[PDB]
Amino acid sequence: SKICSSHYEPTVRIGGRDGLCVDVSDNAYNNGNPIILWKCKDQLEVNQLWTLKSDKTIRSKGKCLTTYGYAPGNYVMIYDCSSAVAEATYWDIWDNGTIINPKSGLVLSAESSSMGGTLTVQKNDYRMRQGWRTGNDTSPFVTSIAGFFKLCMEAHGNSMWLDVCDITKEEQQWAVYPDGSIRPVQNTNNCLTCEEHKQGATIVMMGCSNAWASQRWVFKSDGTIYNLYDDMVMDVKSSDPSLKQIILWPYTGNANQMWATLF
């Protein structure tokens, strides 16, 4: 009832693109060994566990998550926290799912769509491939997504629209990946994405292998599904369910913009 204590330094996994985990290459801890994205293993291994140190370092087995440099494309590696340049070891994990390096202003990124890829720092574009979620439990969050009036988001091939909520329908089960993508349980290769980065674009299905800023979303405290890059939210076209169309639109706060994760 006074002030929260922040001396707690938790150790957790960091999931991202396609539900993979931030892994320390072949459990090799030699200064410079690159950091990559690997299958989150069944066991909670040290090379995939990180400690959110109070000085803003993210350590694994005593070494520091570090960027080779401050330029777009520079990869990130494991490195002795004392031997390294201090600025290259600091990271801010924002509430948006962005891991940013203060000194460079660049953000943790997974540019390769293939497991094993090395992580790098890049200009921040709030793309699916730059979205992360701390936590040992790195699995996608499966759940229903309820819009207004007894209506739930349903997958229809490569299209998505509303239908009366029915827990028996698999087409209404969604998988929200640690990278911010909302995927249809029946085909995790599909991802809800806007067609265009403009007001009015409809949300459709597209191959997640792209990992665009249009395939990343945050379930905001105001009940909306929000897109960082576009600064807009999922909205039921002119509050008319029959139009079988969910589009991008600026925040109004109306019922047709309210959603709820019904897991």
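Residue positions are given as counts along the sequence shown, with the first one as 1.
The mean Cα B-factor in the deposited entry runs higher for 206-214 than for the other of 219-227 and 206-214. Comparing the deposited coordinates for 188-196 and 143-151, the stretch with the larger average C-alpha B-factor is 188-196. In this entry, the residue among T138, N96, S112, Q122 with the greatest C-alpha B factor is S112.
Taking the PDB entry at face value, the top CA B factor among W161, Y90, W174, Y177 belongs to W161.
Per the deposited record, the Cα B-factor of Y68 falls in the middle third when ranked against the other modelled residues of its chain. Among all modelled residues in its chain, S6 ranks in the highest third by Cα B-factor.
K169 sits in the highest third of its chain by CA B factor, as recorded in the PDB entry. Sort the modelled residues of the chain by CA B factor and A84 lands in the middle third.
Annotation for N30: C-alpha temperature factor in the highest third relative to the rest of the modelled chain, per the entry.
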